[PDB]
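When a residue number appears, it is its place in the shown sequence, counting from 1. Every number for a ligand or one of its atoms is a count from 1 in the order of the listing.
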Amino acid sequence: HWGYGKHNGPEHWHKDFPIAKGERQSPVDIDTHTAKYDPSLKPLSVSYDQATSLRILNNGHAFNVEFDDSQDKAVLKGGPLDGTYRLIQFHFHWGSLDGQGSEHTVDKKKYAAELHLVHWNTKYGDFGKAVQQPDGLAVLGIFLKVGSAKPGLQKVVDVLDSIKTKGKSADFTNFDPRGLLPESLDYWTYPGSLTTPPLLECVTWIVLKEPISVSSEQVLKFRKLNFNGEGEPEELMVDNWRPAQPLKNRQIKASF
Ligand SMILES: [O][B]1([O])O[C]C2=[C][C]=C([N]C(=O)[N]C3=[C][C]=[C][C]=[C]3)[C]=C21
Ligand SMILES: [Zn+2]
């Protein structure tokens, strides 16, 4: 099936998922000079104090840390959003080199990686229903640059050995996602989609202006993961990001 290889990468996705060439595809380049400042843009409200992480899984294209979304334990609201969005999981996209890895770009600049904290609109009852709605998801995008180590990420980095291959999972309780947030919550926002098949156009993207920094050693661990399952030919999990897509008839709004 789909992947990030030469014969099934982003350039092929359109054959099984024609929406790949839709009107609001993600990711996109963020032209800082073209993005319009919106004063009516409310401040983001991130309430992760009651977050309940369950576990971590290698699904073959990334690793997800899942949370209990059966109650409003960790929600996202405010900003361009109307309603409450529960955190269901987070994952990253990264490269083989520090000069690449992020999905969104800032004035064409690529970051070493990109974190996605996924939230679904509770008014839709479950994530499955939400992804079928234009305003079903709220994804918080945070860029990662190589530099100083991020203490709040080390717990994730140390468990990766337990989920090296596709299909593996491990208990990952008591993880506090607030440790992955930059100091500032300034952001850019625009209507887009999932960056991996089925590429549903159900996402309100909120990309933070300020990046978080991680050490070269921390990102190196990410690069030692495997796309393949155990017992199969080793395929290093790297460059699991989709290239910038045409903005088309969309305008990116800034909160600053
Ligand atoms: O854009 B992201 O990388 O970041 C946030 C996010 C969330 C979910 C997916 N993926 C799905 O929701 N997949 C799916 C599978 C089967 C049926 C319906 C949906 C992809 C992304
Ligand atoms: Zn993602």
Side-chain angles (χ1 to χ4, degrees), residues 1-4 8-10 13-14 16-20 22-30 46 53-54 56-67 69 74-76 81 85-95 100-105 110-122 124-144 153 156 166-167 177 180 187-208 211-212 219 222 225 227 237-245 247 250 252:
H1 273 265
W2 71 267
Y4 295 96
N8 65 344
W13 299 351
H14 78 92
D16 277 298
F17 306 96
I19 199 169
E23 298 306 294
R24 52 180 281 186
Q25 288 291 293
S26 298
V28 296
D29 177 55
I30 298 172
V46 193
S53 64
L54 312 166
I56 189 170
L57 168 91
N58 172 332
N59 60 17
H61 42 262
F63 67 81
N64 290 182
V65 170
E66 310 165 333
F67 292 77
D69 67 338
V75 308
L76 213 205
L81 304 174
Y85 292 70
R86 284 177 201 171
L87 175 73
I88 177 168
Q89 55 102 325
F90 75 69
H91 59 274
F92 303 81
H93 295 276
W94 61 94
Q100 64 188 54
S102 73
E103 302 214 295
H104 287 86
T105 56
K110 303 183 168 67
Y111 282 95
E114 189 166 321
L115 159 66
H116 291 156
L117 286 128
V118 196
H119 315 74
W120 57 279
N121 199 325
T122 56
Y124 293 125
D126 67 63
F127 177 91
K129 282 283 189 175
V131 295
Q132 297 162 181
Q133 318 302 313
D135 61 344
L137 301 199
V139 177
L140 193 60
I142 300 179
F143 296 113
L144 273 68
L153 178 69
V156 170
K166 182 193 201 72
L180 305 175
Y187 65 83
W188 287 289
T189 195
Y190 78 97
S193 67
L194 311 171
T195 60
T196 64
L199 306 163
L200 303 175
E201 305 190 320
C202 60
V203 188
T204 284
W205 280 97
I206 297 170
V207 184
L208 300 190
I212 57 180
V219 67
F222 280 27
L225 290 171
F227 277 127
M237 186 174 280
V238 297
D239 295 318
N240 56 350
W241 48 279
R242 185 194 194 188
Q245 301 307 302
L247 187 59
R250 290 176 289 178
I252 301 175

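Every atom of ligand 1 with a heavy atom of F127 under 4.0 Å away is listed here by number and element: 8 (C), 12 (O). In the vicinity of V139, heavy-atom distances shorter than 4.0 Å reach the ligand 1 atoms 5 (C). Proximity to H93 (heavy-atom distance under 4.0 Å) selects the following atoms of ligand 1: 3 (O). Close approach of ligand 1 to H116 (heavy-atom distance below 4.0 Å) involves ligand atoms 3 (O), 4 (O). For ligand 1, the atoms closer than 4.0 angstrom to any heavy atom of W205 are 1 (O).
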message = I'd like to know whether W241 forms a side chain to side chain donor-acceptor pair (under 3.5 Å) with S102, so could you lay out the CA-CA distance, the side-chain angles of the two residues, the decisive distance to 0.1 Å, and finally the verdict.
response = CA-CA 7 Å; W241 48 279; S102 73; over 6 Å; no
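Residues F222 and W94 bring their aromatic ring centres within 6.0 Å. Checked against the 6.0 Å centroid criterion, the rings of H104 and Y190 qualify as a close aromatic pair.
For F90, the heavy-atom gap to ligand 1 stays at 4.0 angstrom or more.
The nearest heavy-atom contact from the protein to atom 3 (O) of ligand 1 is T195 OG1, 2.9 Å. Shortest contact from atom 20 (C) of ligand 1 to any protein heavy atom: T196 OG1, 3.6 Å. Nearest protein neighbour of atom 14 (C) of ligand 1, counting heavy atoms only, is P198 CD, 3.5 Å. Looking at atom 4 (O) of ligand 1, its nearest protein heavy atom turns out to be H91 CE1, 3.2 Å.
Closest approach between the Zn ion (ligand 2) and any N/O/S atom of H116 involves ND1. Within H93, the N/O/S atom positioned nearest the Zn ion (ligand 2) carries the name NE2.
Using a 3.5 Å distance cut-off with no hydrogens or angles, the side chains of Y85 and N121 do pair a donor with an acceptor. Side-chain contact, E114 with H93: no donor N or O sits under 3.5 Å from an acceptor N or O. Side chains of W205 and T189: a donor-acceptor N/O pair is absent below 3.5 angstrom, by distance only. Side-chain polar atoms of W120 and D69 form a donor-acceptor pair below 3.5 angstrom.
Under 4.0 Å from ligand 1, the heavy atoms of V118 that appear belong solely to its side chain. Both the backbone and the side chain of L194 come within contact range of ligand 1, each with a heavy atom under 4.0 Å.
No side-chain donor-acceptor contact under 3.5 Å links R86 to the backbone of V118. Under a 3.5 Å cut-off, the side chain of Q25 and the backbone N or O of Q245 do not form any donor-acceptor pair.
Residue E103 comes nearest to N240 through the heavy atom pair OE2-O, 4.0 Å, listed as atom of the first residue, atom of the second, then distance.
Close N/O approach between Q89 and ligand 1 is not found [any backbone or side-chain N/O within under 3.5 Å].
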